[PDB]
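Quick notes on the structure that follows.
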Amino acid sequence: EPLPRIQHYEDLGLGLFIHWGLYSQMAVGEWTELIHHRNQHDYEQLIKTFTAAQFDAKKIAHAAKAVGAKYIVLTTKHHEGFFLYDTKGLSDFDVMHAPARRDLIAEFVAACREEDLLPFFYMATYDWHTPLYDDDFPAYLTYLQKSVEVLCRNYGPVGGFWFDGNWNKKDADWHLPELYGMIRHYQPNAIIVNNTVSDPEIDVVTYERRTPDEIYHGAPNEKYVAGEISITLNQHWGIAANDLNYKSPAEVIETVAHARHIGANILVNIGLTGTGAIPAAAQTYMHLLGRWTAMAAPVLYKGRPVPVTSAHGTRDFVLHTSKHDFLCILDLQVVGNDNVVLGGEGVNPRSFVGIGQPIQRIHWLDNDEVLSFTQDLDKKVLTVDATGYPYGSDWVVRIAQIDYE
Amino acid sequence: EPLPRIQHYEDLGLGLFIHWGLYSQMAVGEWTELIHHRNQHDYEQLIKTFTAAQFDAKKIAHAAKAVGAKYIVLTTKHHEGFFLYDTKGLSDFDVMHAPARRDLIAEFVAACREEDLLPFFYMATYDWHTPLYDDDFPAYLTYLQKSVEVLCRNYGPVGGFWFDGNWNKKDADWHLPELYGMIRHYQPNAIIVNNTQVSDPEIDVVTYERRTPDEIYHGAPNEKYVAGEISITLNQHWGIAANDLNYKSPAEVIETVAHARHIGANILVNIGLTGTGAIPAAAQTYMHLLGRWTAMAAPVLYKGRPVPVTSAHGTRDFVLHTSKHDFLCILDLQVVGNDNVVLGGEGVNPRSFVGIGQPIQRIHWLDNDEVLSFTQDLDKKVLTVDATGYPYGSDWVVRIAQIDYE
Amino acid sequence: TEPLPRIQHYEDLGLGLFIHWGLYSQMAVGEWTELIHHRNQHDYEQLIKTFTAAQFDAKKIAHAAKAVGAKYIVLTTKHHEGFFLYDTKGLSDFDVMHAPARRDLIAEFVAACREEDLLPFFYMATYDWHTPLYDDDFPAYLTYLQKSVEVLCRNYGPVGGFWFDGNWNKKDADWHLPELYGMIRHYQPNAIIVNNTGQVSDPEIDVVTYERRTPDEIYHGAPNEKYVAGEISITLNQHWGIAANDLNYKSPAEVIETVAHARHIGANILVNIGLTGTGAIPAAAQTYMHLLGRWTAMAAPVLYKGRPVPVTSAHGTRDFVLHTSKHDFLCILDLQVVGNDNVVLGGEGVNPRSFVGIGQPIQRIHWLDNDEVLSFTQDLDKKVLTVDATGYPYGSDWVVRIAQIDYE
Amino acid sequence: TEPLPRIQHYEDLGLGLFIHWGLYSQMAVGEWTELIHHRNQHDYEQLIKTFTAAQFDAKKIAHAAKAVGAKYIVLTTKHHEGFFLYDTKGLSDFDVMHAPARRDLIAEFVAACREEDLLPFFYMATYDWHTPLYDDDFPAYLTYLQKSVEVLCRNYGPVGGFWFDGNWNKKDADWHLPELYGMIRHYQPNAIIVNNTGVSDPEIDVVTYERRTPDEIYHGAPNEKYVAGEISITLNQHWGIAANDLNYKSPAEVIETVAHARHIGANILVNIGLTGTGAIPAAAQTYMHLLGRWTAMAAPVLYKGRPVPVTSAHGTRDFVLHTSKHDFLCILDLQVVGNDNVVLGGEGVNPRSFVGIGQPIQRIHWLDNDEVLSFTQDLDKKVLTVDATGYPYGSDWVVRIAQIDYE
């Protein structure tokens, strides 16, 4: 049974992932320093032009609020090893030694608090900047733990930590009891996420978007751990100007719904410009997804997976809250007329197995249309006529609320 | 062999489709009056709030220029039957009787001319506003022909006409020789498109489904050559539709543009303006992404034509021909990482083509001028190239290699 | 509007067997071998001298049709090679009476068909590679062709039909079909006439042929025009004549599904077998016949009389409905086998399958294979039927399973 | 790291026949019928009284295996029903010596195998529905199981291997495999040991895998014992005979699955279910005759061919197999060649490419008809491209194989 902080985590549902660092100035992806075999001295000169001139934490927080996100995961230090906060003497490779001369993480947590969002800190554990990483790993771990200690002690209550990189050394001892134990001492309520069972103090495991089945919550009678999937809008996480291979807004909506189906949270990622602006492309996705999440509000946060399956050949699924069940229905088409056929005009029976209580009424959330339905209570079959979209709309994942008698 | 005006049409490659009318104020699609069974009197009151307050023809023309489009097709009158121009006494249901009180078509053609774009006029032939349509069809045809005559005589030279609606009455006599003959009299070089072998000899262009798989038909050997055109809209509707979130991937839009050129057709990419005539922010995102692709593809996008060269089994690659070069259009590439970071594109990736019989000197990607390795079997006309993956930080969706022949 | 009685009777046949047998069969490399392998004509036609027909038993062919549930047989009386499997009575020396067989095989064939109550159909190639008339005297070739058909119309009793193939070799020629089909109508007024081409080719045509993949109910003609039926064909591998090194055989399951599909679109279906050079049914064909035969015996209540009806299945499903005057039938695909709670094979959970277009209250629904009663719910206003389509009992798998609806 | 000799020899067998025959065969509704149909045990086990084996001829089985190209046979010596097809010498009365057959069928089987140079393998179910020991005294069951295996290890001469199936019924129990497999190694040191799981002990030689396994199989960690792999296919949905299972796979799928096995570096078993009295049913003979044509043509590579780090071009399912003398291109999705006038699909030039061939080639030819193929090479990038011509009219091999002769 989940600890309160993890229950609260699962109620967040949707977070925004923000990638911003020195890489952002080159606009060819966040891994550029390594994958393009850049000269380290020349790449790290980018600290000198890191102005943060267009970074507005209140605009980030406002974007999150508008898209229906409840937490934000910001890259505090990526593999490039540059810190977006005041490391208080630990490293000169930080934003206090850049022209920005602002603790951006402090601006970030203040903006989050004003919008009632949880601030999460991403921290790369695989570091390309410190020579310690390759030639004195135990000392690197001390450096890493100290960089996290700063975040635990100088910014008030933090929502969580998102660690990424332990996979670079699958068989090393990362001394996680001491790292996570330090976090638990100063930040007892923080959610700990490791992007890979790795330590008892982890609260959340990450999974690929395509995972088809309800996620695993840990061994029976051990600590419940939550899950989270991630999606980026094109192929890269940092900004990438000539990556045109953007996903459909429809795919992003389906992926958000899919997360809730398998009992995970989801992060939708955006890459800021060099100077910290939200690109216009990201705003388009946010506005579209935002329309969906506003409509889905009654179920997106509290809704949980339930042992109810859909009929053969259909990708529909069900989510449960303590007051209601919700049918999440896909592959609908638009309704035209007798004379103008768009595909959604015929009766469209969609069935579910595992609904055992008599229903009084079912309605679409988007327009409160009442659906017809039939029930076989002995076999727990619900069949609804899932009407198509009114002409001029298309929600991609449409949601019907069940009111039980 | 195509008439000059049709050759010029086929060189345009890409156009913008703009849907704007009274429907735009309701933001639930262009067919709303019919499909939502609206009260006609109440729907037509929307003329009273048709302000055109945010319509800027120069911004439309600039958007076209930036995306690589060379013509624009604007809805002058849709099925709702409201005219965006001065009908000069033919109808009171026009923009001169709206608060806009501006001839929007005149603003449109002037903006097109200053950016060197061809203005095209969409005109619905199936009309829901005039009672003539159902009660006196021969008189309706006179009304329709007159509405087109105005466009033929008051706006200077027009690029073309895009007619839509004859399919509402498959078996009627639409008197096309008189309608198209009047156009030919006042606008001899206009391209005529009918969205419907050919339904009149004066038609220059037939429309096709985007998914049409093979090179389009141009007419029988002793007959007039007719061109082709496909269309894509970014979501499910053509007019603006606020709760239509079912937008296509930008990647699909790029592929569809490339596909059009493969089958020897032009393509229209459609945008639906807001009630007041603004380009919505969502459309701008697609235009910027497509615009990056079309700028990179410029050496072949306009002049490139289909050729009898096929690609190997299991591949969607294809070839386009210019008088100077051939171009390999290659899909489903992945990004190149390293030995240690595998993203999918790092191995040698031989892609083959059948029908290249001349020796090649050099082949290079046009996005970054990388030279490709290749082998040839000139007897069987096989070209095989190592189509390298994208450098990390980029992904063009359809990547194009230029062939330089010996 | 309503089909001529002979065409109604044709549509009730449902399933026929197509039988390819000729001189080509002796070489076992496909029926088009003479042309496609560029064979020397003199040497190829020598095969008449070894055409013994020593293992041909028309009763065994008829029995194979009977046991697979077929109600007619289409036998190749003369294929493109131009060799006749019957006594042409002086028209040609290139016939079975001038082979060592010295027997009229078509006479054996129709007597066997009659004893099993099957309709004998005669396949006749109109594109002929033997007679010089085809290339040097087309008008006389037509006379030769018409005469070869006349013999079939006058010496073998009542014939079920004719299956013509080859007019596509000369798309623009005058084939004198009014005279050919008019002669058939004179001697065999009830014969079904089928013309295989790539608007029908003549008013006397009764049946058009179509691709197996045809997705929708076939077209029968406008209401004031003659109703024409349809037929699809399938062969077990890639060739129609026997082909020893063609290993590219279809799954028996696909054959079953294709037969079901035919009925769904309102067509008959021919399943083809290629005999050996001596006229035997090869053992591979027998395997398919026995499996399909199990299916067709179970499907008998609907296979013959069942017709398409405007009832669709739910999203995601390939199920369909067939109508008879007494019942409707749900034809359900993609079911799995039921194990139990502990042994999971895929079919054990409740499996709602829905249909749109059933307006009348139902009393009972049952699987034909084992008479199990299915549970169902109905919304009569929207014409929805939803049934719990249980999986196969362990040890069976019908591929297309069929439930009978008994209406109130 | 290197395979033990017996396991190398196992990997050279390539194809084996799996034979399901037991009391279940008399009901023809699948091999699990006694449990899944909730049969009364007394009534089901009465089938011992009609187990005549009147149509079982081991020499015909062995001859059929030889003709299909198989080099070993895996015969069900006892399935879950717990009935033994051999003389258990007092261990159980529920065996073939107490049936009217009154012949040790396993002895006939091994003698037949030896005279056709096939390896006899014994399938043995470890999950047993007959003995009350299984549920009531598991340690004593394990002794019974090990004793039934001792008999097979001592009374039939050299055995090719053992194929165990059922440990998955008790995932968490101690099956005492060191003692069972140690006794096998004592009497039958050369036997292949296969355990069907879903590496359970150091003595296992072979792991079983799903047919759809996409990539070269895992052989164990680099300094550890090399273990081979094996996939299985049955012709319909059941392993024992099942008269109203009409859901048979295409012969073409069976051919492709055999080729796939070799691609991923596994053997494959093709299964048949005998009739109640032990005959090969007519449907199984059809599949064996078709597969047999393919395996005879594929002989030069089916046994000795191994996976190699060579990939095929995008969108193609083609692959390469290596022997010490040759490489072989296995090419799928071909069509038949007609003429200028008659188009069947295969007539155009059909370039199929491979990455990882680094040595210059002299000649490439189809095995089925010795036609020479045209090819081009880029030796620096290790690209081979061939024009894979279509089938001559009248033939279609499903997986066509070209032999490469190196300079």
Side-chain angles (χ1 to χ4, degrees), chain B residues 313-314, chain C residues 236-238 243 245-255 257 284 287-288, chain D residues 13-18 68-70 208-217 229-237 247-272 283-284 286-303 305-308 310-321 328-336 345-346 350 352 354 366-368 388 390-391 395-403:
Chain B
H313 184 259
Chain C
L236 299 178
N237 61 11
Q238 290 285 301
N245 286 323
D246 177 354
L247 313 188
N248 190 8
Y249 279 75
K250 299 174 186 58
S251 77
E254 175 181 352
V255 176
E257 293 192 353
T287 294
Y288 283 77
Chain D
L13 300 178
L15 168 68
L17 197 66
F18 209 163
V68 78
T208 58
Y209 293 86
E210 294 163 354
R211 287 131 65 194
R212 286 191 260 260
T213 308
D215 299 314
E216 182 166 2
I217 65 156
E230 192 188 68
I231 68 179
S232 278
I233 183 169
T234 191
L235 303 175
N236 62 9
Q237 291 285 304
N247 187 11
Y248 278 73
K249 299 174 184 63
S250 73
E253 179 181 348
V254 177
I255 293 166
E256 293 188 358
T257 303
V258 169
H260 182 70
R262 305 309 289 170
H263 177 210
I264 65 176
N267 283 12
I268 175 154
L269 293 183
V270 175
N271 179 69
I272 65 174
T286 294
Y287 282 72
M288 286 173 78
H289 292 150
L290 292 170
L291 174 58
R293 289 166 171 284
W294 185 84
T295 61
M297 171 284 288
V301 69
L302 178 60
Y303 305 109
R306 296 295 182 280
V308 66
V310 179
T311 53
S312 62
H314 177 258
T316 259
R317 299 178 304 147
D318 307 336
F319 62 90
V320 183
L321 290 177
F328 295 84
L329 308 179
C330 298
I331 299 183
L332 284 83
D333 307 299
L334 294 171
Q335 292 177 285
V336 183
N350 173 34
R352 299 300 186 82
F354 304 88
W366 293 130
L367 288 185
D368 54 279
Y391 297 115
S395 76
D396 188 330
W397 291 94
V398 183
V399 178
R400 202 182 189 174
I401 302 170
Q403 186 173 294

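Throughout, a chain's letter reflects where its sequence line sits, starting with A, and its residues are numbered from 1.
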**Request:** Output the distance between atom OG1 (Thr213(D)) and atom NE2 (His260(D)), rounded to the nearest 0.5 Å.
**Result:** 6.0 Å
**Request:** With rounding to the nearest 0.5 Å, note down the distance linking OG1 in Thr286(D) to CE in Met288(D).
**Result:** 11.0 Å
**Asked** So, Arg211(D) side chain and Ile231(D) main chain: donor-acceptor pair closer than 3.5 Å or not?
**Response** no
**Message:** Are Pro251(D) and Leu247(C) packed together at the side-chain level, in the sense that at least one heavy-atom pair is separated by less than 4.5 angstrom?
**Reply:** no
**Prompt:** Is there a donor-acceptor contact under 3.5 Å from the side chain of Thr295(D) to the main chain of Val68(D)?
**Reply:** yes
**Fill in**
CD1 of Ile264(D) to OH of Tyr209(D), rounded to nearest 0.5 Å, is 8.5 Å
**Asked** Where the side chain of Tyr287(D) meets the backbone of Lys249(D), is there a donor-acceptor pair that is under 3.5 Å apart?
**Response** yes
**Asked** Quick one: does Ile272(D)'s side chain get under 4.5 Å of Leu17(D)'s, heavy atoms only?
**Response** yes
**Request:** Please examine the side chains of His263(D) and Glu216(D), heavy atoms only from C-beta on, and report whether any two atoms are closer than 4.5 Å.
**Result:** no
**Request:** Report yes or no: does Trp294(D) contribute a side-chain atom to a donor-acceptor pair with the main-chain N or O of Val399(D) at less than 3.5 Å?
**Result:** yes
**Prompt:** Is there a donor-acceptor contact under 3.5 Å from the side chain of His313(B) to the main chain of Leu334(D)?
**Reply:** no
**Prompt:** Are any of the side-chain heavy atoms of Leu302(D) and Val258(D) separated by less than 4.5 Å?
**Reply:** yes
**Message:** Let's go through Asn245(C) and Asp368(D) carefully: what are the C-alpha distance in whole Å and the side-chain angles of both, what is the deciding distance for side chain to side chain contact (heavy atoms under 4.5 Å, CB included) to 0.1 Å, and is it a yes or a no?
**Reply:** CA-CA 10 Å; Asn245(C) 286 323; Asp368(D) 54 279; over 6 Å; no
**Request:** Could you tell me the separation between the CG atom of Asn237(C) and the OG atom of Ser250(D), rounded to the nearest 0.5 Å?
**Result:** 12.0 Å
**Prompt:** Would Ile233(D) and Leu269(D) satisfy side chain to side chain contact (heavy atoms under 4.5 Å, CB included), going step by step from the backbone distance to the final call?
**Reply:** CA-CA 6 Å; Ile233(D) 183 169; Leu269(D) 293 183; over 6 Å; no
**Validation row: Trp366(D), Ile331(D) side chains within 4.5 angstrom (heavy atoms)** = yes
**Prompt:** Does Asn248(C) use its side chain to pair, donor to acceptor, with the backbone of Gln238(C) at less than 3.5 Å?
**Reply:** no
**Item:** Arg352(D) side-chain N/O to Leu332(D) backbone N/O, donor-acceptor pair under 3.5 Å
**Value:** yes
**Residue pair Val398(D) / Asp396(D), side-chain heavy-atom distance below 4.5 Å** = yes
**Asked** Does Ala388(D) offer a backbone N or O that forms a donor-acceptor pair with the side chain of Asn350(D) under 3.5 Å?
**Response** yes
**Item:** From CA spacing to verdict: side chain to side chain contact (heavy atoms under 4.5 Å, CB included), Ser232(D), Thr208(D)
**Value:** CA-CA 8 Å; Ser232(D) 278; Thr208(D) 58; over 6 Å; no
**Prompt:** Where do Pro307(D) and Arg262(D) come nearest, in terms of heavy atoms and distance?
**Reply:** CG-O, 3.7 Å
**Prompt:** Is there side-chain contact between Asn271(D) and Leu235(D), with heavy atoms separated by less than 4.5 Å?
**Reply:** no
**Message:** Restricting to non-hydrogen atoms, name the atom on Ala283(D) and the atom on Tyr248(D) that form the minimum distance, rounded to 0.1 Å.
**Reply:** CB-OH, 3.8 Å
**Fill in**
Rounded to the nearest 0.5 angstrom, the CD-CD1 distance for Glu230(D) and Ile217(D) is 10.0 Å
